[PDB]
Amino acid sequence: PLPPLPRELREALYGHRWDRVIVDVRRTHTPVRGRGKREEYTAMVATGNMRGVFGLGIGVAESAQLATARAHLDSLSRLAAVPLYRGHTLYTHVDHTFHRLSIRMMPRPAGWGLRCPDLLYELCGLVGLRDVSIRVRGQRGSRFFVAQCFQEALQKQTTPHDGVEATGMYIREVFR
RNA sequence: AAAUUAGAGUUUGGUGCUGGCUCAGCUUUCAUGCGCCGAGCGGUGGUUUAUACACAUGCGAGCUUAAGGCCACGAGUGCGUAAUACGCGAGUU
C-alpha cells in the first residue's frame with residue numbers, strides 16, 4: 001500500500017520545525033468468516049511545530065511499521081492551529097469532555113513548568129505549551145480519547161485580537 | 001512585589017464503560033533483616049508510644065535566727081469527663 005503526500009505540504013516540511021509522537025499502538029481482534037482471527041494495529045500519531053499548530057492522525061493497518069507510518073503521514077496531512085499566549089500558555093481556563101473523560105486545564109504563569117501527566121507532557125511540548133497544569137478525570141484508560149479531547153480542548157478557547165478593530169476599546173496592561 | 005491540581009498496570013476474543021486492588025509521592029518508628037560503627041560542632045525528638053501495671057535501692061524542699069519564722073512554683077500522665085471542660089466574644093458585683 002501507498003500513503004499520500006501533497007504538493008503544498010512540501011513548503012511546510014522545509015518550513016517550520018516539526019516533532020512527532022506516537023500516542024499508543026493497539027492490537028484489536030476480529031474473528032472473520034473463512035480463515036480465522038484477523039488483527040489490525042491501530043496507531044495514533046501527534047505532530048506539531050512548537051509554535052501553535054497541532055495535528056493528530058489515526059491510522060489502521062496490518063503491521064506496526066506501516067500503521068505508524070500511515071498515522072504519521074495522516075497527522076502531517078491534518079493540521080489545526082491553536083493560539084497561545086506568546087507560545088507558552090493558553091488564554092482561558094479550559095474544561096472539556098470527549099467520550100466521557102473530564103479533562104481540566106488551567107493556565108499557569110511562565111516558568112511554572114509543566115505539571116502534567118505522561119503522554120500529555122510530550123503533547124504539550126509538541127504543540128508548544130510550556131506552562132500548564134492539567135488533570136484528567138473519568139476513565140483515563142485510553143490514550144486516543146485524551147489526544148482527541150486535548151485537540152478539541154485547545155480549539156475551544158477565545159482570542160483577544162479579534163476585538164480592537166470593532167469594539168472601540170483598547171486591550172493592554174497585563175500587570176498583575 | 002500574591003509562587004496556585006502527574007499517572008500507570010490490572011477484567012475481556014477484542015473496544016468502551018463500572019468501581020475496586022496495587023505500584024511510583026511525602027512523612028513516620030531504639031520496626032525487622034544485611035553493612036559500616038573514624039572524630040567534632042549542633043539541632044532536635046522520644047508521651048517506657050501501651051500498664052492510671054508491681055516496684056529493689058539511691059536521690060528529688062529545704063532555707064533561717066532547742067524554739068519559732070518561710071516551703072499551693074516547678075515535673076509527670078490522660079483514669080475519668082461529650083461538658084462547672086476547652087476555645088472564641090462581650091460585660092464584670
# chains A, B, ... in the order shown; residues from 1 in each chain; ligands from 1
$ residues_around --residues "stretch 18-26 of chain B" --least-positions-apart "3" --cutoff "12 Å" --atoms "only C-alpha atoms (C1' of nucleotides)" --output "list in words"
residues 138 and 139 of chain A; 6, 7, 8, 9, 10 and 11 of chain B
$ interface_residues --of "chain B" --to "chain A" --cutoff "9 Å" --atoms "only C-alpha atoms (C1' of nucleotides)" --output "PyMOL selection string"
chain B and resi 2-8+13-15+17
$ write_last_selection --atoms "N, CA and C atoms (P, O5', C5', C4', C3', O3' and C1' of nucleotides)" --output "PDB file, in the first residue's frame"
ATOM      1  P     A B   2       5.526  38.608  46.472  1.00  0.00           P
ATOM      2  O5'   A B   2       3.999  38.171  46.317  1.00  0.00           O
ATOM      3  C5'   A B   2       3.680  36.886  45.744  1.00  0.00           C
ATOM      4  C4'   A B   2       2.355  36.373  46.259  1.00  0.00           C
ATOM      5  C3'   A B   2       1.567  35.492  45.292  1.00  0.00           C
ATOM      6  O3'   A B   2       0.831  34.506  46.023  1.00  0.00           O
ATOM      7  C1'   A B   2       0.356  37.484  45.709  1.00  0.00           C
ATOM      8  P     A B   3       0.280  33.184  45.279  1.00  0.00           P
ATOM      9  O5'   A B   3       0.844  31.957  46.131  1.00  0.00           O
ATOM     10  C5'   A B   3       2.249  31.661  46.235  1.00  0.00           C
ATOM     11  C4'   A B   3       2.686  30.738  45.123  1.00  0.00           C
ATOM     12  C3'   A B   3       3.833  29.799  45.478  1.00  0.00           C
ATOM     13  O3'   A B   3       3.793  28.654  44.629  1.00  0.00           O
ATOM     14  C1'   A B   3       4.602  31.420  43.935  1.00  0.00           C
ATOM     15  P     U B   4       3.104  27.288  45.132  1.00  0.00           P
ATOM     16  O5'   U B   4       1.762  27.206  44.283  1.00  0.00           O
ATOM     17  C5'   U B   4       1.015  25.976  44.232  1.00  0.00           C
ATOM     18  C4'   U B   4      -0.411  26.245  43.812  1.00  0.00           C
ATOM     19  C3'   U B   4      -0.742  25.941  42.356  1.00  0.00           C
ATOM     20  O3'   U B   4      -1.079  24.567  42.170  1.00  0.00           O
ATOM     21  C1'   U B   4      -1.634  28.045  42.981  1.00  0.00           C
ATOM     22  P     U B   5      -0.795  23.838  40.764  1.00  0.00           P
ATOM     23  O5'   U B   5      -1.668  22.513  40.862  1.00  0.00           O
ATOM     24  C5'   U B   5      -1.137  21.368  41.549  1.00  0.00           C
ATOM     25  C4'   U B   5      -2.015  20.145  41.389  1.00  0.00           C
ATOM     26  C3'   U B   5      -2.143  19.551  39.992  1.00  0.00           C
ATOM     27  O3'   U B   5      -2.358  18.149  40.101  1.00  0.00           O
ATOM     28  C1'   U B   5      -4.271  20.182  40.783  1.00  0.00           C
ATOM     29  P     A B   6      -1.223  17.149  40.652  1.00  0.00           P
ATOM     30  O5'   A B   6      -1.117  16.079  39.485  1.00  0.00           O
ATOM     31  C5'   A B   6      -0.800  16.517  38.155  1.00  0.00           C
ATOM     32  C4'   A B   6      -0.582  15.340  37.242  1.00  0.00           C
ATOM     33  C3'   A B   6      -1.045  13.991  37.783  1.00  0.00           C
ATOM     34  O3'   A B   6      -1.609  13.213  36.738  1.00  0.00           O
ATOM     35  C1'   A B   6       1.272  13.906  37.293  1.00  0.00           C
ATOM     36  P     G B   7      -3.156  12.826  36.792  1.00  0.00           P
ATOM     37  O5'   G B   7      -3.203  11.263  36.443  1.00  0.00           O
ATOM     38  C5'   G B   7      -3.089  10.848  35.067  1.00  0.00           C
ATOM     39  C4'   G B   7      -1.796  10.098  34.880  1.00  0.00           C
ATOM     40  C3'   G B   7      -1.936   8.612  34.537  1.00  0.00           C
ATOM     41  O3'   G B   7      -2.056   8.403  33.136  1.00  0.00           O
ATOM     42  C1'   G B   7      -0.423   8.871  36.338  1.00  0.00           C
ATOM     43  P     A B   8      -2.820   7.106  32.565  1.00  0.00           P
ATOM     44  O5'   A B   8      -1.853   5.894  32.918  1.00  0.00           O
ATOM     45  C5'   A B   8      -0.633   5.703  32.201  1.00  0.00           C
ATOM     46  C4'   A B   8       0.165   4.596  32.838  1.00  0.00           C
ATOM     47  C3'   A B   8      -0.530   3.239  32.863  1.00  0.00           C
ATOM     48  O3'   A B   8      -0.315   2.527  31.652  1.00  0.00           O
ATOM     49  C1'   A B   8       0.330   3.733  35.013  1.00  0.00           C
ATOM     50  P     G B  13     -11.821 -13.764  26.972  1.00  0.00           P
ATOM     51  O5'   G B  13     -11.666 -13.506  25.401  1.00  0.00           O
ATOM     52  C5'   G B  13     -10.598 -14.166  24.696  1.00  0.00           C
ATOM     53  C4'   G B  13     -10.410 -13.528  23.343  1.00  0.00           C
ATOM     54  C3'   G B  13     -10.316 -12.003  23.342  1.00  0.00           C
ATOM     55  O3'   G B  13      -8.982 -11.584  23.581  1.00  0.00           O
ATOM     56  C1'   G B  13     -11.849 -12.718  21.670  1.00  0.00           C
ATOM     57  P     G B  14      -8.673 -10.647  24.821  1.00  0.00           P
ATOM     58  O5'   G B  14      -9.297  -9.236  24.400  1.00  0.00           O
ATOM     59  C5'   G B  14      -8.408  -8.246  23.862  1.00  0.00           C
ATOM     60  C4'   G B  14      -9.006  -7.575  22.649  1.00  0.00           C
ATOM     61  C3'   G B  14      -9.687  -6.233  22.904  1.00  0.00           C
ATOM     62  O3'   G B  14      -8.727  -5.198  23.001  1.00  0.00           O
ATOM     63  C1'   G B  14     -11.020  -7.529  21.444  1.00  0.00           C
ATOM     64  P     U B  15      -8.825  -4.137  24.177  1.00  0.00           P
ATOM     65  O5'   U B  15      -9.977  -3.158  23.681  1.00  0.00           O
ATOM     66  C5'   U B  15      -9.865  -2.516  22.404  1.00  0.00           C
ATOM     67  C4'   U B  15     -11.091  -1.692  22.111  1.00  0.00           C
ATOM     68  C3'   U B  15     -11.629  -0.888  23.278  1.00  0.00           C
ATOM     69  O3'   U B  15     -10.919   0.314  23.497  1.00  0.00           O
ATOM     70  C1'   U B  15     -13.421  -1.986  22.207  1.00  0.00           C
ATOM     71  P     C B  17     -13.779   4.635  28.528  1.00  0.00           P
ATOM     72  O5'   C B  17     -14.826   3.878  29.460  1.00  0.00           O
ATOM     73  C5'   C B  17     -15.625   4.607  30.401  1.00  0.00           C
ATOM     74  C4'   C B  17     -17.006   4.017  30.466  1.00  0.00           C
ATOM     75  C3'   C B  17     -17.491   3.633  31.855  1.00  0.00           C
ATOM     76  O3'   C B  17     -18.058   4.712  32.602  1.00  0.00           O
ATOM     77  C1'   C B  17     -17.851   1.816  30.387  1.00  0.00           C
TER      78        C B  17
END
$ residues_around --residues "residue A:97" --least-positions-apart "6" --cutoff "9 Å" --atoms "only C-alpha atoms (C1' of nucleotides)" --output "PyMOL selection string"
chain A and resi 103-104+149+153
$ residues_around --residues "residue B:30" --least-positions-apart "4" --cutoff "12 Å" --atoms "only C-alpha atoms (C1' of nucleotides)" --output "list in words"
residues 46, 48 and 49 of chain B
$ write_last_selection --atoms "C-alpha atoms (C1' of nucleotides)" --output "PDB file, in the first residue's frame"
ATOM      1  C1'   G B  46      11.054  10.360  72.139  1.00  0.00           C
ATOM      2  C1'   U B  48       8.567   3.148  78.746  1.00  0.00           C
ATOM      3  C1'   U B  49       4.324   5.170  72.219  1.00  0.00           C
TER       4        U B  49
END
$ residues_around --residues "residue A:171" --least-positions-apart "3" --cutoff "9 Å" --atoms "only C-alpha atoms (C1' of nucleotides)" --output "ChimeraX atom specification"
/A:160-161,163-164
$ select_by_dssp --residues "stretch 11-173 of chain A" --states "helix (DSSP H, G or I)" --output "number ranges by chain"
A: 11, 64-77, 118-127, 143-155, 160-162
$ write_last_selection --atoms "C-alpha atoms" --output "short mmCIF file (atom, residue, chain, number, x, y, z; two decimals), in the first residue's frame"
data_model
loop_
_atom_site.label_atom_id
_atom_site.label_comp_id
_atom_site.auth_asym_id
_atom_site.auth_seq_id
_atom_site.Cartn_x
_atom_site.Cartn_y
_atom_site.Cartn_z
CA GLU A 11 6.72 24.07 1.71
CA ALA A 64 3.09 -1.88 13.16
CA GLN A 65 5.58 0.00 10.99
CA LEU A 66 3.02 0.54 8.24
CA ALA A 67 0.37 1.59 10.77
CA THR A 68 2.64 4.09 12.50
CA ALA A 69 3.78 5.39 9.11
CA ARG A 70 0.17 5.82 7.96
CA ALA A 71 -0.83 7.66 11.11
CA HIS A 72 2.45 9.59 10.86
CA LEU A 73 1.53 10.87 7.43
CA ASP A 74 -2.15 11.30 8.30
CA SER A 75 -1.26 13.66 11.14
CA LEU A 76 1.04 15.61 8.85
CA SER A 77 -1.85 15.89 6.43
CA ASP A 118 2.66 11.21 30.98
CA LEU A 119 1.64 11.43 27.32
CA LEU A 120 0.32 14.94 27.70
CA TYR A 121 3.83 16.10 28.60
CA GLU A 122 5.10 15.15 25.15
CA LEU A 123 1.86 16.52 23.70
CA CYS A 124 2.27 19.94 25.32
CA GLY A 125 5.93 20.02 24.36
CA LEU A 126 4.82 19.08 20.87
CA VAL A 127 2.31 21.87 20.28
CA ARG A 143 -4.68 7.34 25.02
CA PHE A 144 -6.72 8.06 21.88
CA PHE A 145 -9.52 9.91 23.61
CA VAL A 146 -7.22 12.12 25.67
CA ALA A 147 -5.44 13.03 22.43
CA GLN A 148 -8.65 13.92 20.55
CA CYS A 149 -10.07 15.57 23.68
CA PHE A 150 -6.93 17.66 24.02
CA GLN A 151 -7.15 18.81 20.40
CA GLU A 152 -10.76 19.91 20.82
CA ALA A 153 -9.99 21.43 24.23
CA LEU A 154 -7.28 23.53 22.65
CA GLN A 155 -9.73 24.53 19.95
CA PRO A 160 -8.44 38.80 22.24
CA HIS A 161 -7.05 40.13 18.94
CA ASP A 162 -10.39 39.93 17.12
#
$ select_by_dssp --residues "stretch 2-98 of chain A" --states "strand (DSSP E)" --output "number ranges by chain"
A: 19-32, 36-48, 53-61, 79-81, 94-98
$ atom_distance --atom1 "atom CA of residue A:89" --atom2 "atom CA of residue A:15"
23.5 Å
$ residues_around --residues "stretch 51-63 of chain B" --least-positions-apart "3" --cutoff "8 Å" --atoms "only C-alpha atoms (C1' of nucleotides)" --output "list in words"
residues 71, 77 and 79 of chain B
$ atom_distance --atom1 "atom CA of residue A:113" --atom2 "atom CA of residue A:131"
4.9 Å
$ atom_distance --atom1 "atom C1' of residue B:85" --atom2 "atom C1' of residue B:73"
24.2 Å
$ residues_around --residues "residue A:26" --least-positions-apart "6" --cutoff "9 Å" --atoms "only C-alpha atoms (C1' of nucleotides)" --output "MDAnalysis selection string"
chainID A and resid 40:43
$ write_last_selection --atoms "C-alpha atoms" --output "mmCIF file, in the first residue's frame"
data_model
loop_
_atom_site.group_PDB
_atom_site.id
_atom_site.type_symbol
_atom_site.label_atom_id
_atom_site.label_comp_id
_atom_site.auth_asym_id
_atom_site.auth_seq_id
_atom_site.Cartn_x
_atom_site.Cartn_y
_atom_site.Cartn_z
ATOM 1 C CA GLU A 40 -5.034 -4.721 12.941
ATOM 2 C CA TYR A 41 -2.537 -2.459 14.615
ATOM 3 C CA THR A 42 -4.183 0.902 15.253
ATOM 4 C CA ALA A 43 -1.681 3.697 15.712
#
